[PDB]
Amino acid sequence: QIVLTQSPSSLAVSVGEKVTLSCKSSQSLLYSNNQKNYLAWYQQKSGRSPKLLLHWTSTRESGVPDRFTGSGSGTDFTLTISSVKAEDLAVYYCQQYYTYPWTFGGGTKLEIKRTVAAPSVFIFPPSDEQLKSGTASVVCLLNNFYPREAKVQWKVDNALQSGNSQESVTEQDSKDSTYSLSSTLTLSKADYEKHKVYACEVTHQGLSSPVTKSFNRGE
């Protein structure tokens, strides 16, 4: 089995920067008869299927932007992006078609480094319909922020909550290169009707002071 090694597994780069991604092979992918290297490059954006960018190491497909270039011979191959753009956020894979079994590399995720943006915090009360089912979900939205690291604390009547919250983070946007986070505090209808002030406190680099968004049952 031919082994393709991609380093780094992940890299973060600024817009307008040049990125060089590497593919190293255990065996030579050079065909002596044609002087062609049988390596291909694919781009997988989040939520989408893989798309061929380059074949024969350097030959770009129709529709593929001029910034994408391929280079290398034998065992050491490279993919070059000149002036990386925000839509270039994707995981890039190298494949060999020199021999079967066909093999793919681990992949390298291009991530975008941007300027710190503070989160906009939103608090959502549980719906009347959900309560009829006996469960209460309190949702906090932190929207459009960089860096990805942010801390959400749930306080009910000034009581810190542990184990009742789950969080999801969006993938970096193709335009603003930011992230959005949702925390859902899930509690019984009974516990919900026992307390009044439900609050979400957010700590992030862009915020000098912690930001708390709150609501009282009935307001």
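Start at 1 with the first residue shown and count on from there.
- Higher mean CA B-factor, judged across 177 to 185 and 46 to 54 from the recorded values: 177 to 185.
- 31 to 39 and 156 to 164 differ in mean CA B-factor, and the higher of the two is recorded for 156 to 164.
- Across the options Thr108, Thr135, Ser73, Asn143, the residue with the most elevated CA B-factor in the record is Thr135.
- For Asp88, the recorded CA temperature factor ranks within the lowest third of the chain's modelled residues.
- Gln130: CA B factor lies in the highest third for its chain, per the PDB record.
- Ranked against the other modelled residues of its chain, the C-alpha B-factor of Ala117 as given in the entry falls in the lowest third.
- Split the chain's modelled residues into thirds by C-alpha temperature factor. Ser209 is in the highest one.
- Sort the chain's modelled residues by C-alpha temperature factor and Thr99 lands in the lowest third, per the entry.
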